[PDB]
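Just so we're on the same page: letters track the sequence lines, and every chain starts at 1.
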Amino acid sequence: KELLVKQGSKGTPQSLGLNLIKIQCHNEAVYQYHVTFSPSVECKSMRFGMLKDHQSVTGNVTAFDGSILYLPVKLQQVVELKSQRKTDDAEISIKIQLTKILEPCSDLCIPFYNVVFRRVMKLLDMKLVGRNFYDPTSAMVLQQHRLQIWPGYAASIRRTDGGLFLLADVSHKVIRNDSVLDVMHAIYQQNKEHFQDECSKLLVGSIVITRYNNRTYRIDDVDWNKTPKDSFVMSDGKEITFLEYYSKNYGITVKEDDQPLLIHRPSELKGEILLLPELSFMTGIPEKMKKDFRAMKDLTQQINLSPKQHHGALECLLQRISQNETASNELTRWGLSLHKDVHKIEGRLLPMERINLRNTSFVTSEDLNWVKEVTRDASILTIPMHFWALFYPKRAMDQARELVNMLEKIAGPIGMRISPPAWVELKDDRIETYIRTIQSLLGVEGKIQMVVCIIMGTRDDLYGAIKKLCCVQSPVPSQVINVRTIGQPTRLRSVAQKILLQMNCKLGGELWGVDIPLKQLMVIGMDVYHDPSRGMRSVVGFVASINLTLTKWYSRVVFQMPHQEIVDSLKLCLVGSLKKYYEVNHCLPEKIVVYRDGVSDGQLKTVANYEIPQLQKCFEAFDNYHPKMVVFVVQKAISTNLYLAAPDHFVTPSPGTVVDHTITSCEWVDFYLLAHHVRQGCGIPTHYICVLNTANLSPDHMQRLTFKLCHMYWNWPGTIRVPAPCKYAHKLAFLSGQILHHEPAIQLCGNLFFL
RNA sequence: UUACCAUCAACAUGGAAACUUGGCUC
RNA sequence: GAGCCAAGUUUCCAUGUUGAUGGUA
Ligand SMILES: [Mg+2]
């Protein structure tokens, strides 16, 4: 609505592409009615049809979504319409009952605007798959694996600070043209006796979609004794056969009467949904196709859209709307007019942050990546590693030997005084050799700095066991190396340099720093990791900078009980982190910068109105401690795609471009920042919502601080999407949620052990 | 699990509106 | 009746990370 002033001073203007705008409003008022269909029919197709047949009284200018109706003229307080079914001529009483009077400029009409856009861009003959609409005629077919890809648009009208836009982005829906009945026919041809077990093992857990009501269901069972000539209850105590339920109530003809039923039992809601495999289709790239290089090469090439290809598909949508007379008529009866082009803005590109080291402080590039620029110069703090151990199994003499030999080669210009390791052979590849050898060597020798292990293949139970032994049982920093990582000796120097910098990091060593312009500040990140497999323990990692250069990050994790508020545990995280800051800096920080992750748009008021008051009131566990807290909420935000205006076309945006208007929300002071270097696709800018700013921060200074903290991540040698404490607390939350399952030892918490 | 980034297949959570059901209720 | 709680359905959305392919360092 109102144009907030969030713009800064520095940075270079950059012309950017965007989404679409059309609702310069000309309708007078919208009247929202609820429609009751007696007897009950749930299919939106002929429900929309019979509401169109009462155009004499309802008008021709409607907006319908099955149960909620919108007019621009006010009817009576109830209307009893008479309709006849197109199938069996059943007299159906329609009850047009006025529920709401919506002003068209308000945010209550955003679902109505979305319903009328799904109307107009459904009138382009684009089919409904999942949430979005996809072109079935501009498709591309992969007949070697029975797929089609439909290039469509996830399009939603949303009101932002610069106006009330249509966010359209180019999605690509993967439609498996073979139905679950057709896939079962293919399996029945492929497998004769064990067709039932193989189709069960492929099908259960996997996701099908019914296209008539476009609902996705996880197959939880297949029942073969049931057959759709049998009857089921239509929601009010009425038996009806499935062919009658799909012909009388859905209008379409079931061809095969021998097919089984698909059972999706929801979360405990409770009721066995029975589905038809003729009208169920699988979704997903097939398992015989992912290993094929060519098919996924075409699929990847055509979903990796350049900004020219993305804007070309959006302007194809615009031209299809404008060239269609009935679609432009259906949009313009509500006073809505689409623009001739996608919206454009003038964002700003943030300046390049200098990466500092021990002796050589260097500015970055336009690429914003310093892989080569950091492994030939001295790191700012390398503690020397003499007594370390390296563990390798029986089939890994050569790769481990060249790993340590090349490590001794590259540790010269990096600045690590590495010694030859303990050459620990591992007898085999189970838990009770690796784990037992590590703690038995750890008990005898108390001067081990870093334990490095080599794992063959990719396993989660063993890596969890090494990190469980090295974080909560025997506190020692540990590094885990894959053996397919070290398979190629060609590009092995850069990855061995990154491994050496990672073992420098886990030992408490410092890699690089950025020039923080403000003083005496404490940067904090958390990340709630919501648990879907252990019973709702939203484990809160917590990473807090404890020095003036923001290179030492003391981290604590707190576990949360189900339906337990985060008061008594995030209070402990804050008081422990301020106590650690009191030991190190011997004063108190004048600013605390907090970055939140794991927040949807409906939890913004909960975060801003419950959790920041409880943290600012839990700051009173010290004497007269009232700092200047700043809270940010981070959201990757994969809906928006910025383009860049090359003098002929649209190119990928430069790393570090920010936009702080016209897509931003009206209720907060916030922005979208593209920090990393994106080389394929359009980049995904990250939404940073300032729910609290007690420090009187500048509009420019949060951009520079969030970008400087995007440089600050020591596990990737360039800029990254989220800030460094966001990814630190993110991996800390993964460690404590999926790997450790319990808070780590405190003596490791002075270092970045989780990297 | 040396990373990071794109996009796809999903699942899960949360918000808002309308309706329905069951308790309270001036 | 006004209002609140709880649950469901239907619309509209939003976020997250699970698995994949890729990319380059
Ligand atoms: Mg998260």
Side-chain angles (χ1 to χ4, degrees), chain A residues 32-36 42 44 65-69 97 99-100 102 107-108 110-115 118 130-131 149 156-158 167 171-174 206-207 216 218 235 267 269 282-285 287 289-291 293 295-297 299-305 369 371-372 453 455 457-460 462-464 466-467 479-486 491 493-502 527-530 532-533 597-606 635-639 652 676-684 687 713 715-721 727 730 734 739 755:
Chain A
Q32 155 168 5
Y33 308 82
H34 187 88
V35 283
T36 87
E42 328 177 12
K44 208 179 297 307
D65 45 288
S67 278
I68 303 114
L69 170 61
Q97 163 94 41
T99 80
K100 262 201 151 142
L102 304 186
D107 286 343
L108 282 179
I110 301 299
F112 145 78
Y113 287 141
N114 277 16
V115 162
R118 285 168 103 85
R131 162 70 28 191
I149 286 190
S156 319
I157 281 149
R158 327 203 298 213
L167 195 272
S171 170
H172 291 261
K173 197 75 207 34
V174 179
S206 81
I207 317 292
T216 37
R218 171 199 47 236
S235 202
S267 203
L269 301 161
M282 30 212 65
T283 176
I285 296 124
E287 64 264 87
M289 184 204 159
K290 302 147 142 139
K291 41 194 61 53
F293 175 68
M296 320 285 317
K297 185 160 179 325
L299 186 144
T300 310
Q301 195 300 91
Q302 98 177 334
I303 68 199
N304 156 49
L305 284 205
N369 201 13
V371 184
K372 267 86 186 204
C453 326
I455 174 61
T458 290
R459 256 180 306 188
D460 53 299
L462 193 32
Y463 165 75
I466 290 115
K467 292 292 207 167
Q479 188 54 55
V480 181
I481 308 300
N482 267 294
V483 86
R484 250 177 296 167
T485 297
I486 46 182
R491 315 171 287 273
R493 189 152 176 276
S494 56
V495 52
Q497 279 152 357
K498 288 194 202 198
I499 284 156
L500 188 58
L501 291 202
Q502 194 170 50
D527 193 282
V528 277
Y529 171 72
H530 317 101
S533 67
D597 198 8
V599 180
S600 81
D601 272 298
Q603 302 265 89
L604 261 279
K605 274 322 182 303
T606 313
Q635 291 155 347
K636 271 129 234 46
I638 175 143
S639 272
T652 326
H676 60 275
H677 172 253
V678 54
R679 77 215 326 151
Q680 60 168 199
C682 290
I684 314 170
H687 210 191
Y713 190 53
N715 204 75
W716 167 253
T719 37
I720 199 194
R721 224 180 326 169
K727 201 82 169 178
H730 191 58
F734 299 1
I739 290 119
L755 291 180

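Protein atom CG of A:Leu69 is 14 Å distant from nucleotide atom P of B:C19, rounded to whole Å. What separates CZ of A:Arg679 from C1' of B:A3 is a distance of 12 Å, to the nearest Å. As a whole-Å value, the separation of A:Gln635 CD from B:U13 P is 19 Å. Between the P atom of B:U1 and the CD1 atom of A:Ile739 lies a distance of 9 Å, rounded to the nearest Å. Rounded to whole Å, atom P of B:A6 lies 9 Å from atom CD of A:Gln680. In this structure, CD1 of A:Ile303 is placed 9 Å from P of B:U7, rounded to the nearest angstrom. The distance from atom CD1 of A:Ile486 to atom P of B:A3 is 14 Å, rounded to the nearest whole Å. Rounded to a whole Å, the CG atom of A:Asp601 is 12 Å from the P atom of B:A16.
For the atom pair OG1 of A:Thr485 and CD1 of A:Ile455, the computed distance is 11.5 Å after rounding to the nearest 0.5 Å. Here the straight-line distance linking atom NE2 of A:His730 with atom CG of A:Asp597 works out to 6.5 Å at 0.5 Å rounding. Interatomic distance, CD of A:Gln479 versus NZ of A:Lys467, reported as 6.5 Å (0.5 Å rounding).
Across all strands, A:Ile638 comes closer than 4.0 Å only to sugar-phosphate atoms, never to a base (heavy-atom distances). Across all strands, A:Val528 comes closer than 4.0 Å to no nucleic acid atom at all (heavy-atom distances). In this structure, A:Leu299 reaches neither bases nor backbone, as no heavy-atom distance under 4.0 Å exists between it and the strands shown. Base contact: A:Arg459 has a heavy atom under 4.0 Å from a base atom. As judged by a 4.0 angstrom heavy-atom cut-off over every strand, A:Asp460 is placed among the base-contacting residues. No contact: A:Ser235 has no heavy atom under 4.0 Å from any strand. Across all strands, A:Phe112 comes closer than 4.0 Å to no nucleic acid atom at all (heavy-atom distances). Here A:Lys44 lies in heavy-atom contact (under 4.0 Å) with sugar-phosphate atoms only. Counting non-hydrogen atoms under 4.0 angstrom, A:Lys467 reaches the backbone sugars and phosphates but no base.
Residues A:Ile455 and A:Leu305 both approach RNA chain B. Their nearest nucleotides, taken by heavy-atom distance, put A:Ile455 toward the 5′ side. Where A:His730 and A:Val495 each meet RNA chain C at their nearest nucleotide, the meeting point lying more 5' is that of A:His730. Nearest-nucleotide positions on RNA chain C for A:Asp597 and A:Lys291 put A:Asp597 closer to the 5' end.
For the pair A:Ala295 and A:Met289, the tightest heavy-atom approach, listed with the atom from each and the gap, is CB-CE, 3.7 Å. Contact detail for A:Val678 and A:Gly681: the closest heavy-atom pair is CG2-O, 4.0 Å. Nearest heavy-atom pair across A:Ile684 and A:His676 is O-CE1, 3.7 Å.
A sub-4.0 Å separation between OP1 or OP2 of B:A3 and a side-chain N or O of A:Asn715 is present. Regarding contacts with the backbone of B:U1, every side-chain N or O of A:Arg484 stays at 4.0 angstrom or more from both OP1 and OP2. For the OP1/OP2 pair of B:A17 and a distance below 4.0 Å, the side-chain nitrogens and oxygens of A:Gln32 include no atom meeting the criterion. The side chain of A:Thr99 places no N or O atom within less than 4.0 Å of a non-bridging phosphate oxygen (OP1 or OP2) of B:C19. For the pair A:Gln97 and B:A18, the criterion of a side-chain N or O lying under 4.0 Å from OP1 or OP2 is not met. The side chain of A:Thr300 places no N or O atom within less than 4.0 Å of a non-bridging phosphate oxygen (OP1 or OP2) of B:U7. Proximity of A:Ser600 to the phosphate of B:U13: no side-chain N or O atom is located under 4.0 Å from OP1 or OP2. When the side-chain nitrogen and oxygen atoms of A:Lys290 are compared with OP1 and OP2 of B:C8, none of them lie within a distance under 4.0 Å.
Side chain of A:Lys44 to main chain of A:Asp65: a donor-acceptor pair is present (N/O by atom type, distance under 3.5 Å, no hydrogens or angles). Here the side chain of A:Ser156 pairs no donor or acceptor atom with the backbone of A:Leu167 at under 3.5 angstrom. When atom types are taken as modelled, the side chain of A:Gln502 and the backbone of A:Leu755 share a donor-acceptor pair closer than 3.5 angstrom. The backbone N or O of A:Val599 sits less than 3.5 Å from a side-chain atom of A:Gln635, completing a donor-acceptor pair.
In this structure, B:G22 forms a base pair with C:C5, meeting either the Watson-Crick or the G-U wobble geometry with both donor-acceptor distances under 3.5 Å. Base pairing analysis places B:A6 opposite C:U21; the two distances defining the Watson-Crick or G-U wobble pair are each below 3.5 Å.
Reading RNA chain C from its 5' end, the first and the last nucleotide to sit under 4.0 Å from a heavy atom of chain A are C:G8 to C:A25.
Proximity note for A:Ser171 (side chain, C-beta onward) versus B:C5, B:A10, B:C8: the nearest is B:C8.
Nucleotide C:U17 shows a negative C1'-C2'-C3'-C4' value and thus a south, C2'-endo-like sugar.
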